[PDB]
Every structure is written in C-alpha cells, then in structure tokens.
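To start, the structure itself, in structure tokens.
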Amino acid sequence: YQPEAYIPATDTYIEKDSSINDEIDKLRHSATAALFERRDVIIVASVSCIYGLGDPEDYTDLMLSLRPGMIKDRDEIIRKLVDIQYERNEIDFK
DNA sequence: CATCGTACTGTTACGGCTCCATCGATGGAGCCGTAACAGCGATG
C-alpha cells in the first residue's frame, strides 16, 4: 500500500497504489459474517480493528430474503445481487 | 523497526487477423518433305 500524499517542499504528488490478498479478504468477510451469525465467536485481530468499516445498520438492512412461493422477477433479483457488490462470472466461480 | 489504509499504473510476451510483396506449360491442328501404292497396234 502506498497512500497518496503531497509534499509542498518538492511540489511532487504520488498516486495511490494497492494490492489485495484474497485469503485475508475472505477471512475478514468470514469474521464479519460470523459476528452477525453466532455470539460465541472469538476474533484474533491486529490494530486494524480500529479502522473504519461499514455501517452495521446498512449491513443488516441490506440482506436479501427469499422464500418459495414469493413472486419475483429473475432480473430484479439479479439487480439486487449486483447492488450488494456481487460479481457475475460464469468462468471464474469463486 | 512493525503496524495500519474501501479492487493501482505502466511496460512487455503471445495468439489471432489482415494487408501486401513477389513469383510458362501442354495439347491440338495445319503444313512440308519423303516414302509408298495404284493405274495401243500389227502379225502370224
């Protein structure tokens, strides 16, 4: 990670560059889901636990509920899935 | 010295697409030259 910064002494600006690790992201998402799923969860974290995450109210209110017999268009459900940052990929299924 | 931050920019291999340069011969018919073949009369 190289956060953007500006140095007035040299009048030079550095652009932001980052790389994402898949395993750590999956572990973080699993921890976040387990927090809302079960109460008997133990989380081992670094000082990263004090950095800005999303709103828990938005996380709870944006859960999609589906049951048999409920009328709903397939396109509407696909749009709802896309709106919660789900990527459609028939080749790379992860 | 380790820790943290809401999917980052620039330059190279490699496969697929497209444009451009560069590169007589054989059989049939007619002709010439050469060889080959066919085709009144008088007397005893």
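Numbering starts fresh at 1 for the residues of each chain in the structure tokens, the chains themselves are lettered A, B, ... in the order given, and ligands are numbered from 1 as they appear.
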
Quiz prompt | range 50-61 of chain A environment, 12 Å, only C-alpha atoms (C1' of nucleotides), sequence neighbours closer than 2 positions dropped, as an MDAnalysis selection string | solution = (chainID A and resid 28:29 32:33 35:37 45:48 63:65 84) or (chainID B and resid 4:6)

Self-check item: Residues of chain A in alpha helix (DSSP H), written as an MDAnalysis selection string
Solution: chainID A and resid 22:37 56:61 74:83

Set the cut-off to 8 Å and count only C-alpha atoms (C1' of nucleotides): what are the residues of chain A that reach chain B? Output as an mmCIF file with N, CA, C and O atoms, in the first residue's frame.
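Saved as iface-v7.cif:
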data_model
loop_
_atom_site.group_PDB
_atom_site.id
_atom_site.type_symbol
_atom_site.label_atom_id
_atom_site.label_comp_id
_atom_site.auth_asym_id
_atom_site.auth_seq_id
_atom_site.Cartn_x
_atom_site.Cartn_y
_atom_site.Cartn_z
ATOM 1 N N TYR A 1 0.840 -1.190 0.000
ATOM 2 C CA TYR A 1 0.000 0.000 0.000
ATOM 3 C C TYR A 1 0.877 1.243 0.000
ATOM 4 O O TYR A 1 1.813 1.347 0.798
ATOM 5 N N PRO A 3 -0.160 5.095 0.148
ATOM 6 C CA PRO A 3 -1.196 6.132 0.181
ATOM 7 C C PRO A 3 -0.741 7.402 -0.516
ATOM 8 O O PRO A 3 0.444 7.745 -0.527
ATOM 9 N N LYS A 16 -1.956 6.805 -5.589
ATOM 10 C CA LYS A 16 -2.217 5.668 -4.719
ATOM 11 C C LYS A 16 -2.060 4.358 -5.479
ATOM 12 O O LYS A 16 -2.480 4.236 -6.633
ATOM 13 N N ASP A 17 -1.448 3.375 -4.821
ATOM 14 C CA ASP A 17 -1.282 2.041 -5.379
ATOM 15 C C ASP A 17 -1.510 1.017 -4.279
ATOM 16 O O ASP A 17 -1.021 1.182 -3.159
ATOM 17 N N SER A 18 -2.252 -0.041 -4.601
ATOM 18 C CA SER A 18 -2.597 -1.047 -3.607
ATOM 19 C C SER A 18 -2.718 -2.408 -4.275
ATOM 20 O O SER A 18 -2.944 -2.514 -5.482
ATOM 21 N N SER A 19 -2.563 -3.452 -3.464
ATOM 22 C CA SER A 19 -2.745 -4.830 -3.895
ATOM 23 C C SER A 19 -3.576 -5.565 -2.854
ATOM 24 O O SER A 19 -3.402 -5.357 -1.650
ATOM 25 N N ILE A 20 -4.473 -6.428 -3.321
ATOM 26 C CA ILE A 20 -5.446 -7.103 -2.469
ATOM 27 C C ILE A 20 -5.076 -8.575 -2.373
ATOM 28 O O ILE A 20 -4.796 -9.220 -3.391
ATOM 29 N N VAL A 47 -4.167 -4.295 14.958
ATOM 30 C CA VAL A 47 -4.660 -2.954 15.259
ATOM 31 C C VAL A 47 -5.611 -2.481 14.166
ATOM 32 O O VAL A 47 -6.151 -1.372 14.238
ATOM 33 N N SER A 48 -5.820 -3.314 13.145
ATOM 34 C CA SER A 48 -6.757 -2.995 12.075
ATOM 35 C C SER A 48 -8.205 -2.968 12.544
ATOM 36 O O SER A 48 -9.068 -2.486 11.803
#

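Contact shell of residue 15 in chain A at 8 Å (only C-alpha atoms (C1' of nucleotides); same-chain neighbours under 3 positions omitted): residues 2, 3, 4 and 5 of chain A.
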
Write out the residues from the selection above, keeping N, CA, C and O atoms, as a PDB file, in the first residue's frame.
ATOM      1  N   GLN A   2       0.572   2.178  -0.899  1.00  0.00           N
ATOM      2  CA  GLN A   2       1.266   3.462  -0.986  1.00  0.00           C
ATOM      3  C   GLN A   2       0.215   4.563  -1.012  1.00  0.00           C
ATOM      4  O   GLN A   2      -0.279   4.939  -2.084  1.00  0.00           O
ATOM      5  N   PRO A   3      -0.160   5.095   0.148  1.00  0.00           N
ATOM      6  CA  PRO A   3      -1.196   6.132   0.181  1.00  0.00           C
ATOM      7  C   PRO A   3      -0.741   7.402  -0.516  1.00  0.00           C
ATOM      8  O   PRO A   3       0.444   7.745  -0.527  1.00  0.00           O
ATOM      9  N   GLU A   4      -1.705   8.102  -1.106  1.00  0.00           N
ATOM     10  CA  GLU A   4      -1.402   9.349  -1.791  1.00  0.00           C
ATOM     11  C   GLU A   4      -0.968  10.414  -0.791  1.00  0.00           C
ATOM     12  O   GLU A   4      -1.450  10.458   0.344  1.00  0.00           O
ATOM     13  N   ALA A   5      -0.035  11.261  -1.214  1.00  0.00           N
ATOM     14  CA  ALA A   5       0.457  12.338  -0.369  1.00  0.00           C
ATOM     15  C   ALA A   5       1.034  13.429  -1.255  1.00  0.00           C
ATOM     16  O   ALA A   5       1.399  13.190  -2.409  1.00  0.00           O
TER      17      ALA A   5
END

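With CA of residue 49 in chain A on one side and CA of residue 22 in chain A on the other, the separation reads 18.5 Å.
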
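Picture a line from CA of residue 80 in chain A to CA of residue 62 in chain A; it runs 9.4 Å.
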
Quiz item: CA of residue 27 in chain A to CA of residue 87 in chain A: how many Å, to one decimal?
Solution: 18.6 Å
